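Taking the form solved without the partner chain, here's one chain by itself in structure tokens.
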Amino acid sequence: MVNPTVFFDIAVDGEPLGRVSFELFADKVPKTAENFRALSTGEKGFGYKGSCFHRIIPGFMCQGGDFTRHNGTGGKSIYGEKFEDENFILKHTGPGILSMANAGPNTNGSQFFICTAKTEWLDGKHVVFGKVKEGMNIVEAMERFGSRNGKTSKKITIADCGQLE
């Protein structure tokens, strides 16, 4: 079979780091993947090519993007507040793993966190539905510009994103 893939042009203060995609196992997590996909693809109806990153922990994991009604013109998980617990067929077995961190329990939303290291401490604490497709070098660069707490000096944002296949 074949799963959908989407890229995410990671920028740093205006300077694009390069290319960073993730292989979303829509086959195992279509309900969760369809979300990040429908958005990145734009089929969602509007999406949001930009987002913002201000929580990168070099040693545990990073952050994705959130938007609803904190700054304005927010959105959602292309299905209301969020969905329900789907499954964990893909347990964090190493770095470059994608998941959801919108809240945890029945809250896949779209607040993933680039797993920069097998997060076993979580143990089925979320829902995994992706994995660094290509350009891992980019994920390694960000870890260098991250603080051991969350915040960071540089501003990481998404310039462009869409389906690859």
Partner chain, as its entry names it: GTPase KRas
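Residue numbers count along the first chain shown, from 1.
The form deposited with the partner chain bound exists for this protein as well; it is not shown, and the discussion that follows is about that form.
Residue contact with the partner chain in the entry with it bound: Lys133 places no heavy atom within 4.5 Å of it. Proximity of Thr116 to the partner chain in the entry with it bound falls within the 4.5 Å heavy atom cutoff. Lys154 belongs to the set of residues with a heavy atom inside 4.5 Å of the partner chain in the entry with it bound. The partner chain in the entry with it bound is not approached by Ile138, whose heavy atoms all lie more than 4.5 angstroms from it.
Residues are counted as partner-facing when one of their heavy atoms sits within 4.5 Å of the partner chain in the entry with it bound; in 117 to 133 these are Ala117, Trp121, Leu122, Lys125, in sequence order.
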